[PDB]
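Inspection log for the structure reproduced underneath, given as structure tokens.
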Protein chains: 2
Amino acid sequence: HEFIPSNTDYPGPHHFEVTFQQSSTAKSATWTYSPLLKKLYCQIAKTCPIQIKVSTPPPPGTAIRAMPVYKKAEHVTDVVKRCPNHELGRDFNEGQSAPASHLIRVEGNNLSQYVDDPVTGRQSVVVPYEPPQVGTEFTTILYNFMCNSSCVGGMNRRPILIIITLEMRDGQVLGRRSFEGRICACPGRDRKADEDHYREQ
Amino acid sequence: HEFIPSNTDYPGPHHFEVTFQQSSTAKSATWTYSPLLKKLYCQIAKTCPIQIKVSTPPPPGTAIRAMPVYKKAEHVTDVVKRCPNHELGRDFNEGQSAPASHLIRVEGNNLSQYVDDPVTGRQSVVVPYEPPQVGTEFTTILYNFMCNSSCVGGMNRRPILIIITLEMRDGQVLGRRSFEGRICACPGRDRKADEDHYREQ
DNA sequence: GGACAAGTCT
DNA sequence: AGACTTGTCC
Ligand SMILES: [Zn+2]
Ligand SMILES: [Zn+2]
């Protein structure tokens with residue numbers, strides 16, 4: 001019963017926040033994150049490991065959801081899905097358990113469930129929260145983005161926001177992280193150009 | 001029974017040759033033809049009228065066939081079709097009587113038949129030959145191209161040639177014209193840029 | 001990693 | 001029409 005998913009950040013009572021693994025500063029990296037602009041640059045299909053920080057262990061059954069939304073307040077009501085060209089292309093959507101209409105996927109997990117809202121048609125992927133591996137404190141989730149930010153008919157060059165929520169079994173929103181996501185072929189140069197464009201402006 | 005349609009020219013015993021009309025020299029023209037390079041520049045979907053020079057009246061039932069082929073000797077055997085993106089797009093392929101997979105269409109003609117080679121898969125559109133309208137010497141066919149020369153999944157930035165053949169009822173190739181075809185959003189500037197890149201090379 | 005290429009915004 | 005943008009070649 002939520003048409004326009006709320007993008008506004010909300011650190012849950014468990015200090016909800018997401019960070020990233022020092023993506024290779026080189027222009028060759030398959031992904032990179034800009035904390036200044038708070039935007040994630042990722043190559044299509046290429047795996048993107050996300051660090052999730054949890055300060056208070058949540059009630060078991062609690063899960064994390066990833067949902068793509070549109071940043072353009074004019075397209076914010078439109079559902080984000082894979083490109084119509086990519087929705088069919090046998091390259092990746094032919095052997096994966098993930099539906100070919102979902103933009104975001106999760107690599108390396110079977111408990112991951114892909115859901116299509118019946119009333120809102122919103123695509124999203126959820127995974128039950130896992131305890132940080134022995135020794136470390138952050139948990140890691142591997143996400144895939146099966147569409148460039150420029151694909152024709154899908155997200156026609158219009159930016160998006162990735163909504164990572166921390167829900168419980170019934171669906172109560174506890175923590176909510178958000179960041180703009182740009183999927184391109186050269187995440188490095190695009191990040192650089194966006195930061196330099198950020199200063200002199 | 002022709003896998004790799006022959007591209008080279010072959011005037012028939014009816015002096016087979018194609019020409020064009022005004023070619024609004026301005027860069028705004030939806031289409032423009034270069035006789036120097038012998039290449040056609042056209043905007044996607046926009047109508048391109050082709051003048052067919054018929055010399056000796058051919059046998060009744062004779063038809064003309066437009067077929068797109070790849071100029072790259074590497075992709076030549078690959079069948080040219082609309083990009084998977086455009087094959088779905090509700091833009092044009094939703095109310096037209098032409099298959100959503102065919103690159104070349106004919107506008108303003110119900111006698112036009114769109115055929116897929118069952119053994120080769122080649123797309124092509126055939127229209128029965130019409131007598132030059134009263135008074136004039138040129139018969140005209142209105143062709144449409146529903147895929148840029150840069151679309152994704154289809155003819156991705158690799159050039160093509162348009163094969164216009166004059167066949168009879170059974171299919172004997174009487175006349176065969178050919179010219180490279182570029183579908184872009186700025187046919188004027190691309191024509192100029194190619195014609196200048198021609199001498200400085 | 002630089003530069004060409006080509007669709008689109010303004 | 002000029003120029004930006006962004007995927008892709010080299
Ligand atoms: Zn796509
Ligand atoms: Zn197309």
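Just remember, in the structure tokens the first chain shown is A, the second B, etc., residues are 1-based per chain, and ligands are 1-based in the order shown.
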List all protein, DNA and RNA residues that have any atom at most 8 Å from ligand 1, counting only C-alpha atoms (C1' of nucleotides) and all ligand atoms, and write the list as a JSON list (two decimals) with N, CA and C atoms, in the first residue's frame.
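Written file, part14.json:
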```json
[["chain", "number", "residue", "atom", "x", "y", "z"],
["A", 82, "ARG", "N", 13.99, -3.54, -16.07],
["A", 82, "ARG", "CA", 15.05, -3.71, -17.05],
["A", 82, "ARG", "C", 14.63, -3.13, -18.40],
["A", 83, "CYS", "N", 15.62, -2.84, -19.22],
["A", 83, "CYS", "CA", 15.35, -2.31, -20.54],
["A", 83, "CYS", "C", 14.54, -3.32, -21.36],
["A", 84, "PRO", "N", 13.58, -2.87, -22.17],
["A", 84, "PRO", "CA", 12.87, -3.82, -23.05],
["A", 84, "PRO", "C", 13.80, -4.63, -23.92],
["A", 85, "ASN", "N", 14.89, -4.02, -24.40],
["A", 85, "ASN", "CA", 15.91, -4.78, -25.13],
["A", 85, "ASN", "C", 16.56, -5.83, -24.23],
["A", 86, "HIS", "N", 16.90, -5.44, -23.00],
["A", 86, "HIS", "CA", 17.54, -6.36, -22.06],
["A", 86, "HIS", "C", 16.56, -7.37, -21.48],
["A", 87, "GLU", "N", 15.27, -7.02, -21.40],
["A", 87, "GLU", "CA", 14.27, -7.94, -20.88],
["A", 87, "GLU", "C", 14.22, -9.25, -21.66],
["A", 146, "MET", "N", 21.16, -5.06, -13.89],
["A", 146, "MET", "CA", 21.09, -5.62, -15.24],
["A", 146, "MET", "C", 20.58, -4.62, -16.27],
["A", 147, "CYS", "N", 21.04, -3.37, -16.20],
["A", 147, "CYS", "CA", 20.60, -2.36, -17.16],
["A", 147, "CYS", "C", 21.45, -1.11, -17.00],
["A", 148, "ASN", "N", 21.98, -0.59, -18.10],
["A", 148, "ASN", "CA", 22.69, 0.68, -18.04],
["A", 148, "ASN", "C", 21.72, 1.81, -17.75],
["A", 149, "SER", "N", 22.26, 2.93, -17.26],
["A", 149, "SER", "CA", 21.46, 4.12, -17.02],
["A", 149, "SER", "C", 21.07, 4.83, -18.30],
["A", 150, "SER", "N", 21.44, 4.31, -19.46],
["A", 150, "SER", "CA", 21.14, 4.94, -20.74],
["A", 150, "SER", "C", 20.34, 4.04, -21.67],
["A", 151, "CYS", "N", 20.02, 2.81, -21.25],
["A", 151, "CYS", "CA", 19.31, 1.89, -22.13],
["A", 151, "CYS", "C", 18.03, 2.52, -22.66],
["A", 152, "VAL", "N", 17.65, 2.12, -23.86],
["A", 152, "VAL", "CA", 16.57, 2.76, -24.60],
["A", 152, "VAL", "C", 15.25, 2.11, -24.18],
["A", 153, "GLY", "N", 14.32, 2.92, -23.67],
["A", 153, "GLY", "CA", 13.02, 2.45, -23.27],
["A", 153, "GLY", "C", 12.91, 2.13, -21.79],
["A", 154, "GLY", "N", 14.00, 1.68, -21.17],
["A", 154, "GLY", "CA", 14.01, 1.45, -19.74],
["A", 154, "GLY", "C", 14.16, 2.75, -18.98],
["A", 155, "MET", "N", 15.34, 2.98, -18.42],
["A", 155, "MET", "CA", 15.63, 4.22, -17.71],
["A", 155, "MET", "C", 16.42, 5.12, -18.66]]
```
Could you pull out the alpha helix (DSSP H) residues of chain A, going by DSSP on the backbone, and write them as a PyMOL selection string? chain A and resi 187-199
Extract the full set of strand (DSSP E or B) residues from stretch 80-171 of chain B according to DSSP on the backbone, and format it as a list in words. residues 104, 105, 106, 113, 114, 115, 116, 123, 124, 125, 126, 127, 128, 139, 140, 141, 142, 143, 144, 145, 160, 161, 162, 163, 164, 165, 166 and 167 of chain B
Next, the residues of the selection above should be written as a tab-separated table (two decimals), in the first residue's frame with N, CA, C and O atoms.
```
chain	number	residue	atom	x	y	z
B	104	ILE	N	13.01	-2.39	-42.86
B	104	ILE	CA	12.50	-1.60	-43.97
B	104	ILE	C	11.00	-1.80	-44.08
B	104	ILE	O	10.51	-2.94	-44.12
B	105	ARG	N	10.27	-0.70	-44.15
B	105	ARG	CA	8.84	-0.72	-44.40
B	105	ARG	C	8.54	0.08	-45.66
B	105	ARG	O	9.40	0.80	-46.19
B	106	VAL	N	7.32	-0.07	-46.15
B	106	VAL	CA	6.81	0.74	-47.26
B	106	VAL	C	5.58	1.48	-46.75
B	106	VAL	O	4.65	0.86	-46.22
B	113	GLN	N	4.05	-6.56	-49.43
B	113	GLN	CA	4.12	-7.78	-48.64
B	113	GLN	C	5.48	-7.87	-47.98
B	113	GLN	O	6.51	-7.68	-48.63
B	114	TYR	N	5.48	-8.14	-46.67
B	114	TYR	CA	6.70	-8.29	-45.89
B	114	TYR	C	6.98	-9.78	-45.71
B	114	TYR	O	6.15	-10.51	-45.16
B	115	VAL	N	8.15	-10.22	-46.17
B	115	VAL	CA	8.47	-11.64	-46.24
B	115	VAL	C	9.75	-11.91	-45.45
B	115	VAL	O	10.71	-11.13	-45.48
B	116	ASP	N	9.74	-13.03	-44.72
B	116	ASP	CA	10.90	-13.59	-44.05
B	116	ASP	C	11.36	-14.83	-44.79
B	116	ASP	O	10.56	-15.75	-45.01
B	123	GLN	N	14.90	-10.67	-43.78
B	123	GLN	CA	13.76	-9.77	-43.88
B	123	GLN	C	13.80	-9.03	-45.20
B	123	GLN	O	14.87	-8.60	-45.65
B	124	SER	N	12.64	-8.87	-45.84
B	124	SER	CA	12.59	-8.02	-47.02
B	124	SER	C	11.15	-7.66	-47.32
B	124	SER	O	10.23	-8.40	-46.97
B	125	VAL	N	10.96	-6.51	-47.97
B	125	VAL	CA	9.63	-6.02	-48.34
B	125	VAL	C	9.54	-5.92	-49.85
B	125	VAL	O	10.42	-5.35	-50.50
B	126	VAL	N	8.45	-6.45	-50.41
B	126	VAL	CA	8.26	-6.51	-51.86
B	126	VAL	C	6.96	-5.81	-52.22
B	126	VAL	O	5.94	-5.99	-51.55
B	127	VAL	N	7.00	-5.01	-53.28
B	127	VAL	CA	5.82	-4.33	-53.78
B	127	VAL	C	5.72	-4.59	-55.28
B	127	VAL	O	6.75	-4.52	-55.97
B	128	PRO	N	4.55	-4.89	-55.82
B	128	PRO	CA	4.45	-5.06	-57.28
B	128	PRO	C	4.76	-3.77	-58.00
B	128	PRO	O	4.37	-2.68	-57.57
B	139	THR	N	8.81	6.45	-61.27
B	139	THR	CA	7.98	5.81	-60.26
B	139	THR	C	8.66	5.99	-58.90
B	139	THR	O	9.89	5.98	-58.81
B	140	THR	N	7.85	6.16	-57.86
B	140	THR	CA	8.36	6.45	-56.53
B	140	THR	C	7.85	5.41	-55.54
B	140	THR	O	6.69	5.00	-55.59
B	141	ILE	N	8.73	5.00	-54.63
B	141	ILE	CA	8.37	4.11	-53.53
B	141	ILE	C	8.77	4.78	-52.23
B	141	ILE	O	9.89	5.28	-52.10
B	142	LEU	N	7.85	4.80	-51.27
B	142	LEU	CA	8.06	5.45	-49.98
B	142	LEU	C	8.57	4.40	-48.99
B	142	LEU	O	7.80	3.56	-48.52
B	143	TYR	N	9.86	4.45	-48.68
B	143	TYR	CA	10.47	3.50	-47.76
B	143	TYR	C	10.65	4.13	-46.39
B	143	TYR	O	10.87	5.34	-46.26
B	144	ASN	N	10.54	3.30	-45.36
B	144	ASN	CA	10.77	3.71	-43.98
B	144	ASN	C	11.82	2.81	-43.36
B	144	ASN	O	11.90	1.62	-43.66
B	145	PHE	N	12.63	3.39	-42.47
B	145	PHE	CA	13.67	2.65	-41.75
B	145	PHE	C	13.42	2.83	-40.26
B	145	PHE	O	13.51	3.95	-39.74
B	160	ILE	N	25.40	-0.90	-43.23
B	160	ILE	CA	24.56	-1.81	-44.00
B	160	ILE	C	24.51	-1.34	-45.45
B	160	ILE	O	24.95	-0.24	-45.79
B	161	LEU	N	23.95	-2.19	-46.30
B	161	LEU	CA	23.64	-1.87	-47.68
B	161	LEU	C	22.18	-2.22	-47.94
B	161	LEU	O	21.67	-3.21	-47.42
B	162	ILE	N	21.51	-1.39	-48.74
B	162	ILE	CA	20.12	-1.60	-49.11
B	162	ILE	C	20.10	-2.21	-50.51
B	162	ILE	O	20.58	-1.60	-51.46
B	163	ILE	N	19.53	-3.41	-50.62
B	163	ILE	CA	19.47	-4.14	-51.88
B	163	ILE	C	18.07	-3.98	-52.45
B	163	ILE	O	17.10	-4.49	-51.89
B	164	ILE	N	17.97	-3.26	-53.56
B	164	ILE	CA	16.73	-3.11	-54.31
B	164	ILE	C	16.85	-3.97	-55.55
B	164	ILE	O	17.75	-3.74	-56.38
B	165	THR	N	15.98	-4.97	-55.68
B	165	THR	CA	16.01	-5.88	-56.82
B	165	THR	C	14.70	-5.79	-57.59
B	165	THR	O	13.63	-5.56	-57.00
B	166	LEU	N	14.78	-5.96	-58.90
B	166	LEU	CA	13.61	-6.02	-59.78
B	166	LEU	C	13.42	-7.48	-60.19
B	166	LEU	O	14.15	-7.99	-61.04
B	167	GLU	N	12.45	-8.14	-59.57
B	167	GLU	CA	12.19	-9.55	-59.81
B	167	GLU	C	10.88	-9.71	-60.57
B	167	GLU	O	10.07	-8.79	-60.68
```
Find the residues around residue D:9 up to 12 Å (only C-alpha atoms (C1' of nucleotides) counted), leave out those fewer than 5 positions away in its own chain, and share them as a PyMOL selection string. (chain B and resi 157) or (chain C and resi 2-5)
Can I get the selection written as a PDB file, in the first residue's frame, with N, CA, C and O atoms (P, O5', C5', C4', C3', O3' and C1' of nucleotides)?
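out.pdb written:
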```
ATOM      1  N   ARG B 157      25.863   0.057 -34.758  1.00  0.00           N
ATOM      2  CA  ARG B 157      26.946   0.873 -35.293  1.00  0.00           C
ATOM      3  C   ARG B 157      27.662   0.216 -36.467  1.00  0.00           C
ATOM      4  O   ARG B 157      28.627   0.778 -36.993  1.00  0.00           O
TER       5      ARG B 157
ATOM      6  P    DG C   2      43.577   9.063 -19.842  1.00  0.00           P
ATOM      7  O5'  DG C   2      43.465   9.350 -21.412  1.00  0.00           O
ATOM      8  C5'  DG C   2      44.649   9.415 -22.195  1.00  0.00           C
ATOM      9  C4'  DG C   2      44.337   9.369 -23.681  1.00  0.00           C
ATOM     10  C3'  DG C   2      43.456  10.508 -24.190  1.00  0.00           C
ATOM     11  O3'  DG C   2      43.978  11.024 -25.412  1.00  0.00           O
ATOM     12  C1'  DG C   2      42.423   8.413 -24.673  1.00  0.00           C
ATOM     13  P    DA C   3      43.365  12.358 -26.064  1.00  0.00           P
ATOM     14  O5'  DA C   3      42.409  11.804 -27.216  1.00  0.00           O
ATOM     15  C5'  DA C   3      42.907  10.854 -28.146  1.00  0.00           C
ATOM     16  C4'  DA C   3      41.786  10.296 -29.000  1.00  0.00           C
ATOM     17  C3'  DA C   3      40.796  11.341 -29.522  1.00  0.00           C
ATOM     18  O3'  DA C   3      40.526  11.119 -30.897  1.00  0.00           O
ATOM     19  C1'  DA C   3      39.629   9.653 -28.345  1.00  0.00           C
ATOM     20  P    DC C   4      39.678  12.183 -31.751  1.00  0.00           P
ATOM     21  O5'  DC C   4      38.612  11.271 -32.512  1.00  0.00           O
ATOM     22  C5'  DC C   4      39.035  10.061 -33.125  1.00  0.00           C
ATOM     23  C4'  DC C   4      37.886   9.077 -33.227  1.00  0.00           C
ATOM     24  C3'  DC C   4      36.642   9.625 -33.917  1.00  0.00           C
ATOM     25  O3'  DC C   4      36.093   8.643 -34.783  1.00  0.00           O
ATOM     26  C1'  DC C   4      36.063   8.879 -31.757  1.00  0.00           C
ATOM     27  P    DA C   5      34.752   8.948 -35.606  1.00  0.00           P
ATOM     28  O5'  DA C   5      33.589   8.639 -34.555  1.00  0.00           O
ATOM     29  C5'  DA C   5      33.517   7.360 -33.938  1.00  0.00           C
ATOM     30  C4'  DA C   5      32.079   6.965 -33.693  1.00  0.00           C
ATOM     31  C3'  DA C   5      31.090   7.586 -34.651  1.00  0.00           C
ATOM     32  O3'  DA C   5      29.998   6.721 -34.845  1.00  0.00           O
ATOM     33  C1'  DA C   5      30.871   8.574 -32.467  1.00  0.00           C
TER      34       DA C   5
END
```
Quick one: everything within 9 Å of stretch 173-182 of chain B, counting only C-alpha atoms (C1' of nucleotides), minus sequence neighbours fewer than 2 positions away in the same chain. Send it as a ChimeraX atom specification. /B:7-18,37-43,68,71,148-149,159-168,171,184,187,190
Fewer than 5 positions away in the same chain doesn't count, so skip those; otherwise give me all residues within 12 Å of residue C:9, counting only C-alpha atoms (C1' of nucleotides), as JSON, numbers by chain. {"A": [157], "D": [2, 3, 4, 5]}
One decimal, in Å: what's the spacing between atom CA of residue B:61 and atom CA of residue B:129? 7.1 Å
